[PDB]
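Below sits a lone chain in structure tokens, taken as the form deposited in one PDB entry.
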């Protein structure tokens, strides 16, 4: 069962060397290639279970079983003697560039997955193109290379979150003996946005150069797949040309949804517009209850905003709801208001945005609660966070035969492969996968290795940790309590929980018994940890490490036998004893 792979590897590899670590002639070929700046895949037969078998099977393609053996785009070019010849003749350099296609890999979308998968392909000799185009938001907002995370996501939102937490640090400082008057300290939104944008601008250029450095051809162009190897590009001048590629990776991501109600698109904004917004939003309504909505509501309120969240049903749908409710209660006792069981019917305009004076406008939101009562209040700014969607109607002609699911997302096999043999899909557009930056990065790299370096390792999308950067952070890894109970049954679920108080909150006179953690375990499987959950400061930092134990199948005994680091929030995970079955209080003393 080796030859299936060898055909797949040889034919799709751009430049590949079948080698050994202990082949003197394999060393000479490697050394030379590096001097000619010729990048390539290297598969070392002496470090594979099936080494013998592959040597004998190469005979099909090369007519010989020796090492080394260099291939270019499916074609055997030779052993060490033949490659050195072409080098001293200078015909080698032009041989490794001979391709049917302009490009070994075209990547449509220069975001988290695209950039990762392009840079990795180029490491193994792939003639690579990244296409990126940021279609503007309704009010005109646009941005540079990087994707959602870099420009309008993880990066700006966490920096603003940090702006938020420093507020409490100013509070905490007086109690820890510092002589500042927190009451006479205000926040300048423009100063903050200047700093955030400055950093994004440098990430934009950083990514431009990363591509240039690794000989990846960046085109600032809308790409459209008109057939399996043809990509139709459209540049800033509307100049429409075609470029050919062997392997196509779709990596186009998603954009914010707007509710289908009058005034939404005209008068309100999304996350896309928030992170470069030139004026303070002022009195703000966030419509939606996802991590984006509460993250944004949280930081706006911490920067002295008047913030209301309108929630259709529940907070953080898809997350453990005990933890979701605790996140919401924190925000509610710390200045964020909620309109529960409420939807928007209409956005009406009272004042237009004053670009002259950097003020926002003024809007009237009409809505209604589930019992039929009316909602009617003024807000300076209205942020929709009611979901994100792909639009491959833009990007793939429906006639190419890439099956999309009911929600517009690409249906892929376990190796990111679409219904077209040479076309792949990664990141937010890959149906069913968790919509996270690190997941788009590991998927994109691991795919590029499989295409261009004969790797077999697939991405593992299971037990992917997360962190919601609400004023009080919520980290998690694996199943919500409710999901564990549905899958294994209540009699098979043991839940260990405890409140805690960060030592930093003691002198600072913050709350006892609001920070909280639990382990959802499975009795019949040695109390296997199915779910880790924590609400407190630096939840991401706390949670991350445990993701490795959970991947490895950590049991409750594994948490117990580990010794804590003192003093930390994290340590309380090493001494949990109170079960939900016991009814004993998780408050601590």
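Rigid core here is just the name for the largest C-alpha set that superposes within 1.5 Å across the two forms. Residue numbers count along the first chain shown, from 1.
The stretch 341-349 shows the higher mean C-alpha B-factor when 341-349 is compared against 306-314 in the entry. Two stretches are in play, 157-165 and 115-123, and the higher mean C-alpha B-factor belongs to 115-123. In the deposited coordinates, the residue among 137, 463, 80, 190 with the greatest CA B-factor is 80.
The PDB entry assigns the greatest CA B-factor among 533, 561, 56, 522 to 56. Residue 230: CA B factor in the highest third of modelled residues in this chain (values from the PDB entry). In the deposited entry, the Cα temperature factor of residue 526 sits in the middle third of values across the chain's modelled residues. In the PDB entry, residue 294 places in the lowest third of its chain by CA B-factor. Ranked by C-alpha B-factor against the other modelled residues of its chain, residue 91 falls in the highest third. Sorting the modelled residues of the chain by their CA temperature factor places residue 428 in the middle third.
Although not depicted, the form deposited in another entry is the subject of the following passage.
Measuring CA movement between this form and the one not shown with the rigid core aligned, the set 89, 407, 202, 513 has one residue at 2 Å or more: 89.
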